Amino acid sequence: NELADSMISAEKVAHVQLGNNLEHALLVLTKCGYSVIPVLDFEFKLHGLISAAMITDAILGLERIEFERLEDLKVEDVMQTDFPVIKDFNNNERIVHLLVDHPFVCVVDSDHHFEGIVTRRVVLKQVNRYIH
Amino acid sequence: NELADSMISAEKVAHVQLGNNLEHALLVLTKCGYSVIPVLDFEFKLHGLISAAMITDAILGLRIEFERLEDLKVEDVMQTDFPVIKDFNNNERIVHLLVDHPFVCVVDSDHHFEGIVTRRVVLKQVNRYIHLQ
Ligand SMILES: Nc1ncnc2c1ncn2[C@@H]1O[C@@H]2COP(=O)(O)O[C@H]3[C@@H](O)[C@H](n4cnc5c(N)ncnc54)O[C@@H]3COP(=O)(O)O[C@H]2[C@H]1O
Ligand SMILES: Nc1ncnc2c1ncn2[C@@H]1O[C@@H]2COP(=O)(O)O[C@H]3[C@@H](O)[C@H](n4cnc5c(N)ncnc54)O[C@@H]3COP(=O)(O)O[C@H]2[C@H]1O
C-alpha cells in the first residue's frame, strides 16, 4: 500500500562496514544517532544488525566494562544475524505484521543485496493522516 | 479508542535512578535490552529519558573517553525535554506523538510516572484491522 514508494533508500541509511572493529562501530552508531543499523560489506550485501547494546554486552568483564577490547573485536563477532527481511513488495501485509515487533525491516534482493529499509514511522505517518 | 487500557504499567518499565553514574546507566540499558528508558527519582517522579547514544555522545572527545563514565551522573546527560501524557482525553494527540516518539510516558499531576504508551500498541491495532479485511 505504497510502503514501497516510502522505503528509505539504502544510500540514506547509516550502516557499519563488515570487518570494522567495535570501536569504529560505536563511533558510527554515536554520530548517526540511530540505535540499530545494518552491517554491510564493500558490495553492500547485508550481513546483520548492530547496536551499542550488542557491543557493550560483548565487552562485559567480571569487574568492569572492558573497553580496551573494543579494538580487538570485529562487528561480525557481535552483530545480530537472525532478523526478518523483505525480498519483495507483493506481501506488504507481512511488512505491517513485521513492524509490530521490529522498528524497521531490511529489504533485499534475491542475492541478499541491501536495497533499503521500511520503518514504523512510515506507517504511523499514514495512520495519523487518516484520523486528522 | 482503547489506548488507556493498553498502557504498559510502570512496574514493567525498566528505568535508571537519579544520581547514578553513566556506567550504571549503561549496565541497565545493556541488561534490560531497551535502548531508551526513563529516569526516575526515589519518589517515582519522572525526570528524563536516557540512551547509550546520549551517554557516548557526552564523552566523545577529540576518540570516546570511557574513563569519565564514573564521574558523570545520568542527570548530566539525560534528555529533559520530552512530551508526556496527562490524560486520555486527547488520544489523537497520542497517535500524533508516536509518529516521532517510539513511546510517551504517562504521569499524574505531580509528575509521578505511571507507565508508557508505545508505538507497538498502535501497530497491533493496524495489523488487527488488516486481518479483518
Ligand atoms: N535522526 C533522526 N531524525 C528524525 N527522527 C529520528 C532520528 N533518529 C530517531 N528518530 C525517531 O526515533 C525513532 C527510533 O529510532 P531508532 O534509532 O531507535 O530506530 C530506528 C533506526 O534504528 C532505523 N532507522 C531509521 N532511519 C534510519 C537511517 N536513515 N539509517 C539507519 N537506520 C535507520 O529504524 C528504526 C525506526 O525508525 P523510525 O524513523 O520509525 O523511528 C525513529 C524516529 O521516529
Ligand atoms: N523484550 C522485548 N520483547 C518484545 N519486543 C521487544 C523487546 N525489546 C524490544 N522489542 C521490540 O523492539 C522495539 C524497539 O525497542 P526499543 O528498545 O528501541 O524502544 C522501546 C523502548 O525505548 C521503550 N520501551 C518499550 N517497552 C519498554 C520497557 N518495558 N521498559 C523500558 N522501555 C521500554 O519504548 C520503545 C518502543 O517499544 P515498542 O514495544 O513500541 O517497540 C519495541 C519492541 O516491539
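In what follows, chains are A, B, ... by sequence order, proteins preceding strands, each numbered from 1.
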**Q** Give me each pair satisfying ring-ring contact (aromatic ring centres under 6.0 Å, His included) with a member in residues 17-40 of chain A, each pair once, sequence neighbours excluded.
**A** none
**Q** Is B/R63 atom CZ crowded by more than 12 heavy atoms from other residues, nucleotides or ligands, each under 6.0 Å away?
**A**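 Counting neighbours around CZ of B/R63, more than 12 heavy atoms of other residues, nucleotides or ligands fall under 6.0 Å, so yes.
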**Q** Salt bridge (charged side-chain N to carboxylate O under 4.0 Å, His left out), that's the test. Do A/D111 and A/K45 meet it? Break it down for me.
**A** CA-CA 8 Å; A/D111 307 58; A/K45 155 166 183 179; over 6 Å; no
**Q** Of all heavy-atom pairs between A/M7 and A/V118, which one has the smallest distance, and what is that distance?
**A**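 For A/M7 and A/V118, the tightest heavy-atom pair comes out as CB-CG2, 4.4 Å.
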**Q** Just wondering, do A/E115 and A/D109 contact through their side chains at under 4.5 Å, heavy atoms?
**A**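 A/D109 reaches A/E115 side chain to side chain.
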**Q** Answer whether the closest heavy-atom distance between the side chains of B/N21 and B/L72 falls below 4.5 Å.
**A** no
**Q** Would you say B/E11 has more than 12 foreign heavy atoms packed within less than 6.0 Å of its CD?
**A** yes
**Q** For a side-chain contact (heavy atoms from CB on, under 4.5 Å) with B/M78, tell me which candidate from B/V16, B/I37, B/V39, B/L22 qualifies.
**A** B/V39
**Q** Would the distance check show the side chain of A/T56 and the main-chain N or O of A/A53 forming a donor-acceptor pair, the cut-off being under 3.5 Å?
**A** no
**Q** About how many Å separate NE2 of A/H112 and SG of A/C106, when rounded to the nearest 0.5 Å?
**A**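 Rounded to the nearest 0.5 Å, the SG-NE2 separation comes out at 7.5 Å.
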**Q** Is there a side-chain contact between B/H47 and B/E75 in this structure, where contact means two heavy atoms from C-beta onward sitting under 4.5 Å apart?
**A** no
**Q** Hey, is the main chain of B/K12 close enough, under 3.5 Å, to the side chain of B/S9 for a donor-acceptor pair?
**A**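 No; zero donor-acceptor contacts below 3.5 Å.
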**Q** Does A/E23 reach the side chain of A/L26, with side-chain heavy atoms less than 4.5 Å apart?
**A** no
**Q** Just by distance, do the side chain of A/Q17 and the backbone of A/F42 share a donor-acceptor pair under 3.5 Å?
**A**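 The answer is yes, because a donor-acceptor pair under 3.5 Å joins these two groups.
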**Q** Please report the shortest heavy-atom distance between B/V77 and B/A58, naming the atom on each side.
**A**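 That would be CG1-CB, 3.6 Å.
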**Q** Kindly compute the distance separating CZ (B/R93) from CG (B/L98), expressed to the nearest 0.5 Å.
**A**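 If we round to the nearest 0.5 Å, B/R93:CZ and B/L98:CG are 10.5 Å apart.
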**Q** Looking at A/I55 and A/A25, what are the two nearest heavy atoms and their distance?
**A** CD1-CB, 3.9 Å
**Q** Are any of the side-chain heavy atoms of B/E65 and B/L60 separated by less than 4.5 Å?
**A** no
**Q** Evaluate the side-chain proximity of A/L3 to A/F89: yes if any heavy-atom separation is below 4.5 Å, no if none is.
**A** no
**Q** Should we count CG of A/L62 as having more than 12 external heavy atoms under 6.0 Å?
**A**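 Check fails, neighbour count at 12 or below.
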**Q** Atom CD1 of B/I85 and atom CG of B/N90: how far apart are they, to the nearest 0.5 Å?
**A** 9.0 Å
**Q** Okay, side chain of B/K73, backbone of B/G19: is any donor-acceptor separation there less than 3.5 Å?
**A**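 Yes, B/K73 side chain to B/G19 backbone: donor-acceptor pair under 3.5 Å.
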**Q** Could you check whether any side-chain heavy atom of B/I130 comes within less than 4.5 Å of a side-chain heavy atom of A/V96, counting everything from C-beta outward?
**A** yes
**Q** Could you tell me the separation between the CG atom of B/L29 and the CE atom of B/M54, rounded to the nearest 0.5 Å?
**A** 9.0 Å
**Q** Would you say the side-chain atoms of A/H97 pair up with the backbone N or O of A/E93, donor to acceptor, closer than 3.5 Å?
**A** no
**Q** Mind running salt bridge (charged side-chain N to carboxylate O under 4.0 Å, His left out) on A/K31 and B/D57 for me, showing each step along the way?
**A** CA-CA 8 Å; A/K31 289 190 53 216; B/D57 192 78; over 6 Å; no
**Q** Would you mind reporting whether A/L124 and B/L123 have side-chain heavy atoms less than 4.5 Å apart?
**A**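 Yes, their side chains come closer than 4.5 Å.
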**Q** Could you grab the distance from atom CZ of A/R120 to atom CG of A/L98, nearest 0.5 Å is fine?
**A**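 Interatomic distance, A/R120 CZ to A/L98 CG, rounded to 0.5 Å: 11.0 Å.
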**Q** Who else is in B/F113's hydrophobic cluster (ILVMFWY, side-chain heavy atoms under 4.5 Å, direct or via others)?
**A**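 Members besides B/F113, by chain and number: B/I8, B/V13, B/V36, B/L40, B/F44, B/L46, B/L49, B/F82, B/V84, B/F103, B/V107, B/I116.
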**Q** Quick one: CD1 on B/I64 to CG on A/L27, what's the gap to the nearest 0.5 Å?
**A**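 One finds 5.0 Å between CD1 of B/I64 and CG of A/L27.
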